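Undergrad: Pasting in a structure now, in structure tokens, and then I'll have a few things to ask.
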Amino acid sequence: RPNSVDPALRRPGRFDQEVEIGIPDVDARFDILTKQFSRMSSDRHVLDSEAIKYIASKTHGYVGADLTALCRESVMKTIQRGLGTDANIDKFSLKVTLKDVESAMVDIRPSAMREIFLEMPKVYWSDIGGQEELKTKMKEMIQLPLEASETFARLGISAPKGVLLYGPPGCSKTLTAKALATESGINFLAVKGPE
Amino acid sequence: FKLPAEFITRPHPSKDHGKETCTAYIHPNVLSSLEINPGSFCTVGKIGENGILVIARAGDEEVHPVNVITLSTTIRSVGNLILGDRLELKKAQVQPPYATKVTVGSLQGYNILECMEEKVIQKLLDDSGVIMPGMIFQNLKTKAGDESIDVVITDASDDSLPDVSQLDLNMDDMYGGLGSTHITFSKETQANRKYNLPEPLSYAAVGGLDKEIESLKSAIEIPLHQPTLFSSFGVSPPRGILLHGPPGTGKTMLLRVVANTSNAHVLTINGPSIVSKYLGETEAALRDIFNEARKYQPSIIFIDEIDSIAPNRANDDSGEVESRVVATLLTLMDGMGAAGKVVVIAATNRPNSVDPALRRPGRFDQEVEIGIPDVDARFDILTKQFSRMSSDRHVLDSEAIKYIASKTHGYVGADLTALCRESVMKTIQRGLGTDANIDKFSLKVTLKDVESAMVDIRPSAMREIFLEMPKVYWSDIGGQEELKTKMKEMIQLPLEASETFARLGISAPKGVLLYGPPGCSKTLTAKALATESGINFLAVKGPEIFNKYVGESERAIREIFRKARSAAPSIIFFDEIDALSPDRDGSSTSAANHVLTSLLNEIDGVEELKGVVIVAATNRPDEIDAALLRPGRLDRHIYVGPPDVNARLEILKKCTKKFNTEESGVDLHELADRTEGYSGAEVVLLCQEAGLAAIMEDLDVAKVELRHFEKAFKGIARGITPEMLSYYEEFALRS
Ligand SMILES: Nc1ncnc2c1ncn2[C@@H]1O[C@H](COP(=O)(O)OP(=O)(O)OP(=O)(O)O)[C@@H](O)[C@H]1O
Ligand SMILES: Nc1ncnc2c1ncn2[C@@H]1O[C@H](COP(=O)(O)OP(=O)(O)O)[C@@H](O)[C@H]1O
């Protein structure tokens, strides 16, 4: 945490260079899982890539450190399910499956739920709920700046940079931000009032 | 100039025959420093327990390191000398006088060894030294039918002049080839209780957590016994194992059991003695301990009270012991080796107080959870204990054990052991007082002393609780089944469908609210919920958490919530939440707002509490803050109005049960019909005040008259107006 560090250290004159590392997104998690599978080699597992995307999607707030522990506990679950059932049968045939991974992600209980910044929430347009006019308007004002910043700079008008939403406390006021974050693929900041 | 200080035991390598009793592989420098002939006896101090196990000595071949010493598995089992202990050396004592009888016990066998006997005596005493009270050897090869046999030789019939020698070792001079002293095989004797030998803790001694202990044993056995198989995967085996639970569950006992039952090296810490004033001394000691740990491949690490050794840095950064020790232990346990075979067992009373850096999937992914024993576990513990001191000293049938277990539902294994000890000592005291020095075998153990024992000892929680044993039951209360059908399912959801919630992901809202008019049955409903649940109940009320000091309310809230979390899945109840619910109305202080925000965050904020269930009771739910009156938390609302005709009749009959109905002159229905607009508390008080009116005449009476009831009705007021009932109804309509 740079905040706990003395601000004298965080001086541009000396410590100008800064590198920011965030929690992996869906693509980074998929790449990490594929690299781990390649490292542990195909002779010890039978998996397909669609299951890798499914696992990456199912992990929203998971950190990169959690994936290795999940793989290790899945290995333990497979070893136990082989031993205690088949009375010390050969482990080569059992290799790696999906049920152990599912049990591992159920019982892992990660401690990364509490955070001030969530990176790339996953929700698709086939899951959200809203009205057509709101979706069209949000598409219009997300496609205006990111695709016409140079045009606005040439015209010297910039972008409104302000959108206000008000409605019933049911839905279509909070999940819309997550939908926009998932669709646009741009960094998303969520701030809670009482927090 | 070597100056040896402390020594560590080790099993004898290569097996075979060799010495097997007096190996004592020690560098010749230590032999010369002790000024004693190497071809003589040696001693192992082992700190305390005088007797020092005087065994003969032998020299090594100059490669055996000075620090480590070999005591052989036979002596290790004889004296319960576990691996990693500290030992001291001193001059030998006087030579043993002689051996008189020596008698075998035929451990865990049906005896009848004559077919496979083959002159066991030569096999027993083909060795130098050999302390008579202890010989434990492998079966080796005995005729056909292989199998395994062990012998108990603890019992002895001789005495030695010095009281220091605890096991009174004896010399050997008999005859054997490849006749004794009046034979040695007689009876299947167990370990002798006269000398009070330290009984090894068997793996079957602990019970009621068979699934948990089996999972822990497998999780610690698969890395050690299968290191290559796990290393083939390339994911590497973790070293951290977390043990936690309520106090008195016996986690230290199971740690001792697994240490004794494992032949691999075990290491444990002796508490805060490692912590010292010098900053570098503790680091050097930890580094040396870790070095000795991974120097030998099979090693077990035992950690106790990790919460005190490694407190949370955020909670209190007092200094000295701080996050630096957490970091150094994490670095030490991160990379001792690639595959290796190392497991670390950490026991903590409060997992929350532990540093969250320790509680991470990268270092402590595997956790073991221990809860309060249930009826079956307590019954198993009691049966094990009774088998432990044998039926020769007590008589108790299975139904009696089940009844005792059912009566003591809030106890723990430590509580049961203390109950047995207090029952034994009270029985001894009663026998001494009454029977005038009778043999203790005749009186043995009965039921009355044990019942008085659980009556007197009281549960170790030392907090006020109904416990459902001496308090109101379901038969004593007559109400409406409509709310009962709801609450039974509502509180059977979490206790019975935790796996269903985990699999489906629906989980539990954990929010239930009960609103009732003053004088109605609201606390009665809470008591009924607690009774039917059969789980520990915490009696918490609104103003109780409030205090004059600023911030004390938050401390009390955190205390009660971490107590409820560690008190198994239960229900937390607030008697009067109306004292803190309204903040906008009445100009509440900042403390009330802070408490409301804290409880809002605790119920369904940032974290979810699967174990406990939150139930709240308010005198008036219309002034509650809109933040709490939100769907998802405390959403369920039950009107639970005044008792109807049948409930009022049942309540009157229960009150009249102490009286006599035949001579009362009432039909138990006219009174209920007349008393229809009164509150439940007023209805209950009506019977008592009418009884007072009846006894007004001549103190103690046996007859009640209608004039007394009329005077009772005239002299009291309901105190309930239709306006508040209409307001309560409007609360239901508006929601
Ligand atoms: N379930 C049980 N069955 C039989 N005896 C038990 C049980 N639980 C406790 N005991 C007895 O109580 C003693 C206390 O156990 P132990 O020292 O392991 O306690 P603990 O819960 O780990 O707590 P602490 O570390 O404070 O001692 C045991 O040595 C044993 O004699
Ligand atoms: N049938 C009954 N027998 C004995 N006591 C009762 C009975 N019904 C209710 N009570 C008592 O009346 C009290 C009800 O409190 P209640 O009036 O609901 O509080 P509030 O006024 O905050 O709503 C309980 O504490 C309970 O002990």
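These residue numbers are counts, starting from 1, taken along the chain as shown.
Cβ atoms are placed via backbone N, Cα and C, with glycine included.
Pasting the relevant annotations from Swiss-Prot:
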- A:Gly167, A:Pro168, A:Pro169, A:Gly170, A:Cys171, A:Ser172, A:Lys173, A:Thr174: ATP 2 binding site (BINDING)
Undergrad: Counting only other Cβ atoms and using a 10 Å cut-off, which of the binding-site residues A:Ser172, A:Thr174 scores lowest?
TA: A:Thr174
Undergrad: If you count other CB atoms within 10 A of each CB, which of A:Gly167, A:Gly170 wins among these binding-site residues?
TA: A:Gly167
Undergrad: At a 10 Å cut-off from the C-beta of A:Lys173 (ATP 2 binding site), count the other C-beta atoms across all protein chains.
TA: 14
Undergrad: For A:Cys171 (ATP 2 binding site), which residues of its chain lie six or more apart in sequence with Cβ-Cβ distance below 8 Å?
TA: A:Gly129, A:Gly130
